[PDB]
**Student:** 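Next up is a structure, given as structure tokens.
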Amino acid sequence: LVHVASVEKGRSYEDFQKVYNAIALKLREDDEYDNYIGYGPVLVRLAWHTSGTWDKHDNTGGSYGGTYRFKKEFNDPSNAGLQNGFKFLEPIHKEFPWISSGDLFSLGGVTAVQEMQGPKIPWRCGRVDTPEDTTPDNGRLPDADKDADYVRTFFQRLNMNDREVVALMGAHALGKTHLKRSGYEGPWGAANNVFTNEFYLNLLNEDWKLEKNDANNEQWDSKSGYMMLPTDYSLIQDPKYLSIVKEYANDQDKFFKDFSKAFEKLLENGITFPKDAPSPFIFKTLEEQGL
Ligand code: HEM
């Protein structure tokens, strides 16, 4: 199936900047969530999980149809906790009922990254809601207890190469693992609602110990109180991933640029943009607008 981007009728960059801004203002306001981490990280994860169901082989799943709104997908065990991001976005969608669900979930992620001081992420509109029976089955999102070979093979289905995978994984600077959610517990670093390359620095520089958490799963823990999942740690066990980790640990701008590309790509897999579609939008942050 071909999913052609269809611009919400009559809308242009200013309409979407207003949605951006409403997301960004609520991110600022609703600051208590998750022990004052705020909603930035879970909105980034929502954007990723709503996009990451894509299968390049048959164009099932992906961000286009906004299918997270249907119970099979919102109740995917892999999506445990993302209901908080959805509930955050609900008043946004009520204010701007014209935006499609896929456009709102993906824009939430863009807005979160940028408001967290991350790179600009160009963003295109035009996702169109598709019906309940187009919701992908559970099981397309990745397991965390696996090795580098798993990670590499997993991400081939999303058409991501080694650099794209290592760049995307840098989003694990953000937020934390929650035991009751994923069976893993702890943050990956200190700056977990500011977008930086800390994930790579911590991978290389902390003294990691392989421990079992209280759900009886193994994770890597440091004396600083940080953790890494087995799939995170695989990025320094595999020598190809390791080289790239070192690159991003040593060049924040390169990480920003490569993350931006990979994240836009993730959010756009599966979508065909007509030749005469609008160019991608680059939204101004609240700070840049003086708001
Ligand atoms: C091999 C791939 C990946 C695996 C196995 C994985 C696994 C996990 C797990 C287990 C959690 C913790 C969930 C919880 O307990 O709340 C998590 C959190 C998170 N992941 Fe991933 N992840 C992967 C890739 C990504 C990518 C590609 C992104 C986005 C670019 C991403 C963004 C996030 C964010 C932002 C959080 C924190 C959520 C929060 O604080 O609520 N992850 N991930």
Side-chain angles (χ1 to χ4, degrees), residues 3 5-30 33 38-54 61-69 73-74 79 82-130 168 171 174-175 193 195 259-271 273 277-289 291:
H3 290 321
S6 187
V7 174
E8 292 84 341
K9 188 161 183 48
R11 301 285 167 185
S12 62
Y13 172 77
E14 160 217 273
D15 296 279
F16 295 100
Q17 178 78 70
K18 290 178 179 163
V19 178
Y20 178 106
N21 283 358
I23 297 166
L25 289 161
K26 191 181 177 57
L27 268 176
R28 178 192 280 174
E29 172 68 33
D30 290 1
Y33 173 71
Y39 285 93
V42 75
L43 290 177
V44 174
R45 204 196 193 207
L46 178 66
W48 141 239
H49 270 206
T50 54
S51 303
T53 59
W54 186 58
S63 77
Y64 186 81
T67 49
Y68 179 84
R69 68 192 196 277
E73 181 167 353
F74 64 65
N79 285 337
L82 289 185
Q83 303 97 327
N84 292 283
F86 185 87
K87 279 215 207 230
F88 175 99
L89 292 174
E90 282 186 330
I92 310 295
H93 216 165
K94 193 180 175 162
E95 178 170 3
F96 303 96
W98 51 265
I99 192 169
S100 68
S101 285
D103 278 359
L104 183 59
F105 305 148
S106 61
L107 184 54
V110 168
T111 302
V113 168
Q114 297 194 177
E115 294 293 306
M116 287 197 274
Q117 291 183 339
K120 296 298 204 307
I121 318 292
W123 179 87
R124 302 183 86 158
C125 70
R127 299 165 187 78
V128 178
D129 292 1
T130 57
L168 286 168
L174 305 169
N193 56 19
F195 197 97
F259 183 86
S260 175
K261 295 194 278 177
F263 195 61
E264 178 176 13
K265 175 175 166 177
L266 177 77
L267 272 47
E268 290 173 3
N269 296 132
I271 308 172
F273 296 93
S279 300
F281 303 133
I282 303 178
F283 299 116
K284 307 296 198 286
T285 62
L286 294 180
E287 185 168 70
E288 280 171 334
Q289 293 171 90
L291 300 170

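Sequence positions, counted from 1, serve as the residue numbers for this chain. What's counted below: heavy atoms across the whole structure, side chains too, no hydrogens, waters or symmetry copies.
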**Student:** Under 6.0 Å from the CD atom of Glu287, do we count more than 12 heavy atoms belonging to anything else shown?
**Tutor:**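 Open: at most 12 neighbouring heavy atoms sit under 6.0 Å from CD of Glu287.
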**Student:** So, taking the atom named CD in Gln117 and the one named CZ in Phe195, what distance separates them when rounded to the nearest 0.5 Å?
**Tutor:**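 Those atoms lie 12.0 Å apart.
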**Student:** About how many Å separate OG1 of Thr111 and CG of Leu43, when rounded to the nearest 0.5 Å?
**Tutor:**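 So the gap between those two atoms works out to 8.0 Å.
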**Student:** CD of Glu288: more than 12 outside heavy atoms within 6.0 angstrom?
**Tutor:**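 Above 12, so yes.
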**Student:** Could you go through the side-chain hydrogen bond (donor to acceptor under 3.5 Å, both in side chains) check for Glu73 and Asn79 one step at a time?
**Tutor:** CA-CA 8 Å; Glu73 181 167 353; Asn79 285 337; 4.8 Å; no
**Student:** Any side-chain heavy atom of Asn193 within less than 4.5 Å of one from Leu174?
**Tutor:**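 Not touching, per the 4.5 Å side-chain cut-off.
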**Student:** Taking the six-membered ring of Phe96 as reference, does the NZ or CZ atom of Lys18 fall below 6.0 Å from its centre and within a 45° cone about the axis?
**Tutor:**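 No, a cation-pi geometry is absent between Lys18 and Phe96.
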**Student:** Hey, could you give me the CG/CZ distance between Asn84 and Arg45, rounded to the nearest 0.5 Å?
**Tutor:**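 Nearest 0.5 Å value for the CG-CZ distance: 12.0 Å.
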**Student:** State the CG-OG distance between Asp129 and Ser100, to the nearest 0.5 angstrom.
**Tutor:**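 Rounded to the nearest 0.5 Å, the CG-OG separation comes to 5.5 Å.
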**Student:** Identify the heavy atoms of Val19 and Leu107 that sit nearest to each other, and give their distance.
**Tutor:**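 For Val19 and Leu107, the tightest heavy-atom pair comes out as CG1-CD2, 3.7 Å.
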**Student:** Find the distance between CD1 (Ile23) and CD (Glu95) and round it off to the nearest 0.5 Å.
**Tutor:**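 Answer rounded to 0.5 Å: 10.5 Å.
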**Student:** What do you reckon, are the aromatic ring centroids of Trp98 and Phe16 less than 6.0 Å apart?
**Tutor:**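 Yes: the rings meet the under 6.0 Å criterion.
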**Student:** Shortest non-hydrogen contact from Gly126 to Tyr64?
**Tutor:**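 Residues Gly126 and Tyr64, closest heavy atoms: O-CE1, 3.8 Å.
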**Student:** When you compare the side chain of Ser51 with that of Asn269, does any pair of heavy atoms fall below 4.5 Å?
**Tutor:**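 Of all side-chain heavy-atom pairs linking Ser51 with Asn269, none is under 4.5 Å.
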**Student:** Cation-pi check, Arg124 to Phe273: give yes when NZ or CZ is under 6.0 Å from the six-membered ring centre and within 45° of the ring axis, no otherwise.
**Tutor:**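 Yes, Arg124 lies over the aromatic ring of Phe273.
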**Student:** Under the side chain to side chain contact (heavy atoms under 4.5 Å, CB included) criterion, do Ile121 and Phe259 qualify, and how do the steps go?
**Tutor:** CA-CA 9 Å; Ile121 318 292; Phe259 183 86; 4.1 Å; yes
**Student:** Tell me if the centroids of the rings in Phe86 and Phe74 come within less than 6.0 Å of each other.
**Tutor:**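 No, the ring of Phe86 stays outside the 6.0 Å limit from the ring of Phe74, centre to centre.
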**Student:** For the pair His93 (side chain) and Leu104 (backbone), establish whether a donor and an acceptor sit closer than 3.5 Å, ignoring hydrogens and angles.
**Tutor:**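 Side chain of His93 to backbone of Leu104, a donor-acceptor pair under 3.5 Å: no, none is there.
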**Student:** Provide the closest heavy-atom pair for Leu291 versus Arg28 in the form atom of the first, atom of the second, distance.
**Tutor:**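 Looks like O-NH2, 2.8 Å.
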**Student:** Side chains of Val44 and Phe263: closer than 4.5 Å at any heavy-atom pair?
**Tutor:**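 The answer is yes; the side chains approach within 4.5 Å.
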**Student:** So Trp48 and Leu267, side chain to side chain contact (heavy atoms under 4.5 Å, CB included) or not? Walk me through it.
**Tutor:** CA-CA 7 Å; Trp48 141 239; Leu267 272 47; 5.7 Å; no
**Student:** Between the side chain of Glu8 and the main-chain N/O of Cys125, is any donor-acceptor distance below 3.5 Å?
**Tutor:**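 Judged by distance alone, no pair lies under 3.5 Å.
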**Student:** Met116 and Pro41: which non-hydrogen atoms are nearest, and at how many Å?
**Tutor:**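 Closest heavy-atom pair between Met116 and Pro41: CE-N, 3.9 Å.
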**Student:** If you take the centroid of each ring, where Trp contributes its six-membered ring, are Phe281 and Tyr20 closer together than 6.0 Å?
**Tutor:**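 That pair fails the under 6.0 Å test.
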**Student:** Between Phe105 and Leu46, what is the shortest heavy-atom contact and its length?
**Tutor:**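 Closest approach of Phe105 to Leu46, heavy atoms only: CD2-CD2, 4.2 Å.
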**Student:** Please indicate whether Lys265 has more than 12 foreign heavy atoms, meaning atoms of other residues, nucleotides or ligands, lying under 6.0 Å from its NZ.
**Tutor:**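 Yes, NZ of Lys265 has more than 12 neighbouring heavy atoms, counting only those of other groups under 6.0 Å.
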**Student:** Using side-chain heavy atoms (C-beta onward) and a distance below 4.5 Å, is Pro278 in contact with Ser12?
**Tutor:**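 No, side chains not in contact.
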**Student:** Please identify which of these residues, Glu268, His3, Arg127, meets the side-chain contact (heavy atoms from CB on, under 4.5 Å) condition with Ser63.
**Tutor:**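 Only match with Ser63 under side-chain contact (heavy atoms from CB on, under 4.5 Å): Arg127.
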**Student:** List the atom of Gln289, the atom of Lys284, and the distance in Å for their closest heavy-atom pair.
**Tutor:**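 So the two residues come closest at NE2-O, 3.2 Å.
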**Student:** Using modelled atom types only, decide if a donor and an acceptor are shared between the side chain of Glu115 and the backbone of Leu27 within a distance under 3.5 Å.
**Tutor:**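 Checked: no pair found.
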**Student:** Within the side chain of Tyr13, is there an N or O that forms a donor-acceptor pair under 3.5 Å with the backbone of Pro280?
**Tutor:**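 The answer is no, because no donor-acceptor pair under 3.5 Å joins these two groups.
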**Student:** Between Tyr33 and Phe88 (judged by ring centroids, cut-off 6.0 Å), do the two rings come close enough to count as a pair?
**Tutor:**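 Not close enough - the centres of the two rings lie 6.0 Å or further apart.
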**Student:** Can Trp123 and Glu264 be said to form a side chain to side chain contact (heavy atoms under 4.5 Å, CB included), step by step?
**Tutor:** CA-CA 7 Å; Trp123 179 87; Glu264 178 176 13; over 6 Å; no
